[PDB]
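1. Take this sequence and fold it.
(chains A, B, C, D and E)
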Amino acid sequence: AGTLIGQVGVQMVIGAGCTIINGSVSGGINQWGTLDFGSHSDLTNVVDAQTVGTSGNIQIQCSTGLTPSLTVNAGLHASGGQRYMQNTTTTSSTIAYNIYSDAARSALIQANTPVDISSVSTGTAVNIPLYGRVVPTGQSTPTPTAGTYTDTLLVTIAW
Amino acid sequence: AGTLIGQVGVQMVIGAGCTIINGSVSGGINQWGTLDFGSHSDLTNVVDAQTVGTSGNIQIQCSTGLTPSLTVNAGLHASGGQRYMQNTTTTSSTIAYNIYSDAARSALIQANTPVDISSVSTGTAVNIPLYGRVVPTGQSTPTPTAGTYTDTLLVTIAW
Amino acid sequence: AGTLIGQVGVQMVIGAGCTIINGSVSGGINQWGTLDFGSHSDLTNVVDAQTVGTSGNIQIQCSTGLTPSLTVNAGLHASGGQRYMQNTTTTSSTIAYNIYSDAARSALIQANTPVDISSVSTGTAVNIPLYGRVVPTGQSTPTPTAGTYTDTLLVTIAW
Amino acid sequence: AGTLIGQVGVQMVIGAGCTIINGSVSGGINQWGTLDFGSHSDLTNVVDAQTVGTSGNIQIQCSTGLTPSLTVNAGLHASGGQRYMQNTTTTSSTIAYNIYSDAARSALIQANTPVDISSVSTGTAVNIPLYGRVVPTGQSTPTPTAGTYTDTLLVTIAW
Amino acid sequence: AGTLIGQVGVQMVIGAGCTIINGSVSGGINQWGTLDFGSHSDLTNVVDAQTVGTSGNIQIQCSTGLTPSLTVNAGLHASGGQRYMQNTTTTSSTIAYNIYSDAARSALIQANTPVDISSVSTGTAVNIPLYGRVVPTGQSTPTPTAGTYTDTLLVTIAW
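-> Numbers count the residues shown, from 1 in each chain, chains lettered A, B, ... in the order given. Sharing the structure here:
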């Protein structure tokens, strides 16, 4: 009863880069390592960790200029704007954690808020600005149960 | 030595619609936007893009009922049933890409094969079901040369 | 008061043909199909159609040699040399349309102007050179009212 | 053995005319043109023709008043009151045809039946009311053989 | 101075007939109808007429056997052996005409030359063998003036 004809056209340009390195892809998921905090018990001291994946650390290796933006989604298990970790065995146990955009862990990254990380330019393959820290305050009870707590984020680089 | 007389008669009906919106026409070509993947270098991560044209995204705004059919022709530079992109400067460089009929990019669109996209009905001006993805597997060498790769399709809506 | 006697004589020759096929005749009208554009609403994209009648497409199947001439009369509802379509319900609504003598729709057919379509010779039953196109420019208001717009032509083949 | 004497007396009057024009005479036959239908093959569409002879069309140019009568004899090859055409090579092949007294071809002329064509008066040299049409119904088989079919009539004008 | 005496004797026999019918007599003139050609203007087509008088056509109704002879005198206005017609108003205008002894108008009747019309025998009241035809060749100028052209013959039947 009708018919419309049109052409779309597809264009892609190779040039200015700023693409992540040392990140494996399985099925288009585009995984970018893991924030491995390590093994501890009865957390009463601050623990620091950085995004490490398989062989080598995740790096940026951005292009000259091109001030980018980093956006980190809240975790699957979130409440009150603070990302959480939930055990795979017991649903009640939970550990809170924070994430920072600098090595000194002074600038906090908020959920769904872009961060102007413009210092990763000029190549040089600098480490990705994503550092986590667990502080033993407000961590429900100081001593949690046993398990393997896990959580996943969603990191977006726009430029 | 001869003469034949006859009348043809031309009929057009306005009513049930299901016509594309936000698509400019120049000379009867009836262009429908562009699949702009963006700028990258040394493609090693999956890149997603959607059909965007000038001011606003391409939409359908189909009519009630009228289960339509979407057919996408293979590109000008094709081999083995997979659409390709070819540089305007160097003929050797090529990047493969795929196209999907859903946002999740789970249903693949084959060349010259109709797709029963019946969920775009009831108006509401839903986005056109045409999404592309570039996966860094089988992309000849992982790092291509520089240029502005281009390709054009031929989208047909029958209903 | 007077009387004159004379003989006229009637002659018809069967031989060189070049006669239309797939065209029904009712009462000597000698109908030759219909230019069915289809169903649309708020025409903003170019629509193409070809002369189709009942079971099969209208064809020529002309004879060897015999360079013919195609003449298309202006429609019943015409103004300024451009053929129009008028609704059967509301007299004000009108859609303009054009007609072409080739598949590419590059050569326009003017009213009461013969066209030397000499490429339809050597039999082979080629499709009749009559293609229509509706372009959404100068179409009064872009969105018309509802109805079943109709128009009739008068196609003459002389050779 | 006998002898009778008498005078006959011959009278002719010049005045009111209504005499045919553009008609050559050879030996008193008083020919009045030809109904040339043209060249066709596999007649499936209606063909129209008018009485044309040598340089110009046959005309009447009748006198004021003087309501005349037109009588057309049946052809040499006739059967069932319908005039026929017979090939000069094969006797079996035959095409039927009709004749009309008006341009619209709505009033049929019957064999040996006068027609009151009173509208050809007031001079003005109007075209002779004799039009033929071949309709592809009841034409034996739709496709005839090759040849030059011919037939002759006998037109009488009485007034 | 003298005187002679003698008897003549008058004899008439009734029997074998072959006498004309449908012919009025006024004063011994013994008129036999009229060759009424009719009314025409600008004679360019052959005109035929037969000897008709008052109520009915002139007939012979001859007797059995008795091969008769028909002799037709030249007209009052004759020149070169061809009978002519002269207007009663203008003496210059003239139309030539011929006369024939058969219906087909193939056998010409010459002035003062007997014709052996032996086929009118056996009664049956056959039409008189006298037919006239006007041919538009050598008729001075093709278009004559107005008037009522007349001429009289002298028909003799000897047997």
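
2. Output the contacting helices and strands for the longest strand seen in chain A.
-> Ordering each strand of chain A by length in residues (DSSP state E) puts strand A:47-53 first. The helices and strands touching strand A:47-53, judged by 3 or more Cβ pairs under 8 Å, 6 or more residues apart in numbering or on different chains; DSSP states H and E, are strand A:34-35, strand A:131-134. Heads up, the C-betas are built off the backbone N, CA and C, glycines and all.

3. nearest to chain B, of these?
-> Nearest to chain B, of all the helices and strands packed on strand A:47-53, is strand A:34-35, at 16.6 Å by Cβ to the nearest Cβ.

4. Tell me the helices and strands packed up against that closest one.
-> Using 3+ Cβ pairs under 8 Å, 6+ apart as the test, strand A:34-35 ends up in contact with strand A:47-53.

5. any residues touching the strand it packs on, and which ones?
-> A:22-24, A:31-38, A:40, A:57-58, A:105, A:127-128, A:130-134 (Cβ atoms under 8 Å, 6 or more residues apart in numbering or on different chains).

6. 6 Å instead?
-> Here strand A:47-53 makes contact (Cβ atoms under 6 Å, 6 or more residues apart in numbering or on different chains) with A:33, A:35, A:37, A:58, A:128, A:130-134.

7. Could you export those as CSV, including neighbour count and distance to residue C:120?
-> Formatted as CSV, the entries for the contacts of strand A:47-53 read as follows, by neighbours: other Cβ atoms under 10 Å in any protein chain shown; distance: Cβ to Cβ, whole Å:
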residue, neighbour count, distance to residue C:120
A:33, 20, 69
A:35, 17, 74
A:37, 18, 80
A:58, 20, 68
A:128, 26, 68
A:130, 22, 71
A:131, 21, 77
A:132, 20, 77
A:133, 15, 82
A:134, 18, 83
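
8. nearest residue to residue A:61 other than its sequence neighbours?
-> Closest residue to residue A:61 in three dimensions, ignoring its sequence neighbours and counting by Cβ to Cβ, 6 or more residues apart in numbering or on different chains: residue A:125, at 4.1 Å.

9. The one you found and residue A:62 touch, don't they?
-> No - taking contacts as Cβ atoms under 6 Å, residue A:125 lies outside contact range of residue A:62: 8.9 Å.

10. who has more neighbours, the two?
-> In this comparison of residue A:125 against residue A:62, neighbours counted by other Cβ atoms under 10 Å in any protein chain shown, the higher total goes to residue A:62 at 27 against 12.

11. so what's the more buried one up against?
-> For residue A:62, the set of contacting residues under the criterion of Cβ under 6 Å, 6+ apart consists of A:18, A:120-121.

12. let's see it at 7 Å
-> Contact analysis of residue A:62 by Cβ atoms under 7 Å, 6 or more residues apart in numbering or on different chains lists A:18, A:68, A:120-121, A:123.

13. circling back to that earlier point, quick one, which of the helices and strands packed on strand A:47-53 gets closest to residue D:46.
-> strand A:34-35 (84.3 Å; Cβ to Cβ).

14. From the chain's centroid, how far away is that closest one?
-> In terms of Cα atoms, centre = their mean, to the nearest Å, the gap separating the centre of strand A:34-35 from the centre of its chain is 8 Å.

15. and stretch A:20-28, how far apart are its ends?
-> Stretch A:20-28 has an end-to-end distance of 14 Å (Cα to Cα, to the nearest Å).

16. so residue A:98 touches residue A:133, yeah?
-> Yes - assessed by Cβ atoms under 7 Å, residue A:98 is found in contact with residue A:133 at 5.6 Å.

17. Residue A:31 and residue A:54 touch, don't they?
-> No - using Cβ under 7 Å as the test, residue A:31 is too far from residue A:54 to be in contact (9.7 Å).

18. overlap in contacts of those two?
-> Shared contacts of residue A:31 and residue A:54, defined by Cβ under 7 Å, 6+ apart, are found at residue A:24.

19. The closest residue to chain B within chain A: what's its closest spatial neighbour, skipping adjacent residues?
-> Minimum separation of chain A from chain B (Cβ to the nearest Cβ) falls at residue A:17, amounting to 3.1 Å. Closest residue to residue A:17 apart from its sequence neighbours, by Cβ to Cβ, 6+ apart: residue B:41 at 3.1 Å.
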